[PDB]
Amino acid sequence: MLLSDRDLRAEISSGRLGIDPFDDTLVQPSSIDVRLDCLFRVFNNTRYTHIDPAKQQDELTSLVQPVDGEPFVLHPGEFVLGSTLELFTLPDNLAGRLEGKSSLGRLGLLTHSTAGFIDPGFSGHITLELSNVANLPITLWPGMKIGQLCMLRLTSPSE
Amino acid sequence: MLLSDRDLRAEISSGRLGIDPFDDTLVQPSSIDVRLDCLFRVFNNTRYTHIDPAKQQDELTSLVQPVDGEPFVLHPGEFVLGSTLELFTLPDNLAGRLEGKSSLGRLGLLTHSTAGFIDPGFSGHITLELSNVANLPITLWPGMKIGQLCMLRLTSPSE
Amino acid sequence: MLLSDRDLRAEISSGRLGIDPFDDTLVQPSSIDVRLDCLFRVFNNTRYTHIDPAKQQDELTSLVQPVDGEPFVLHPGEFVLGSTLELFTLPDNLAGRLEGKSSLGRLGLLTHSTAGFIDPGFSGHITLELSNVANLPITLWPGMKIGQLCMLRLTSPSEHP
């Protein structure tokens, strides 16, 4: 069951749903806009033959940050990990789903391939999986609206 | 909370949910099948170096229609915009989610990458984001079943 | 409306939701983890020019099964069909959604592109659409946790399951 703007505001204004930093202009009919943080992980594929989910591979990615005033350029076929600017804190009876923005959706931008489901009790910056399936580069600006977060009510609180 | 066929029928036959043209055989257990319109947008990437979400890029895409009776050929790696043949009209207490059809899913077709979340209050033809992640071209026939739309009930009407 | 762990347990322990084989440690706060079965279909694209959804195309896929103890290696840009090791049986008041696991999501793994919505009344092994959008190959181990399944309550039981 999808929380409406009024219900999202009720949950926030009562501290059961944590959103830091909070911006009320971001609340939509039945969701809230999220923004792009400025740290990214790229994959170092010249040292590894392959990914093995059963193993640990601590050189698999590196942390990056665009120079001030520069964009992060996402080329078609490149896969990179980013984060929501906001820090989220969910209670025991709400789950989250990321959805794309219609705006950026028509531009070929994917934000959560891969994984956009957020467990109740979650707390942290939401991981974004960024992809471009268009046939040009897209310039990403730290701070921009990147997608939207829906809250789903559970039939009852989690054990 | 997901509307059943019975409840979808109720909403439709009461005019609260607009679907034109409607076809009863399209109703599924907890969703409604949608069909492919015949107009497509392709990207004109020979005149632009890149997409910039923050600008107006005016001839980025172009209208494309195949010959009546010809398939739109969609090759792996191409990204194209299309629409549902049906015109949708949502009330203020329901939201929509596009989902793939199991049939076309197994053939490598993606229809809403990108963006498949439809706000309550929406009215129009639903935009499709078309992609082919298989290893062969897929022939698209306008009028064919392309996917399905679910209705989610909101916790309360939106502002 | 999303079933919690406690409601998923009630549905299962009363037989209205079938999961075979069932393992209680896989239950998550509002979903259940699913596992990778060992048969895969790959596409034989040297015999056809194209896929046509309106025709029947029988020699379209081929059966690949990894030797035991070894993995199915999934290269970027390849598309393969797999299956949940579990058998699911849904009653007609519940629908299912596949979602990715956070851990595999950060490795570039797609499990249900394409199609992750399960109708009420469904019964069978759930089809997985496998893709790798990373820039390395990923080794898949049959039996591994591959994703999760959420249950949605319907506003009322379905008429035409």
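So this one's X-ray crystallography, 2.5 Å, going by the header.
Cβ coordinates come from backbone N, Cα and C, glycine included.
Copied from Swiss-Prot, the annotated features are:
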- A:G116, A:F117: site 'Important for bifunctional activity' (SITE)
- A:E129: active site, proton donor/acceptor (ACT_SITE)
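All features noted in Swiss-Prot, drawn onto the structure.
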residue: A:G116; record: site 'Important for bifunctional activity'; Cβ contacts under 8 Å, 6 or more apart: A:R97, A:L98, A:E99
residue: A:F117; record: site 'Important for bifunctional activity'; Cβ contacts under 8 Å, 6 or more apart: A:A95, A:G96, A:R97
residue: A:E129; record: active site, proton donor/acceptor; Cβ contacts under 8 Å, 6 or more apart: A:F79, A:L81, A:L110, A:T111, A:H112, A:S113, A:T114, A:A115
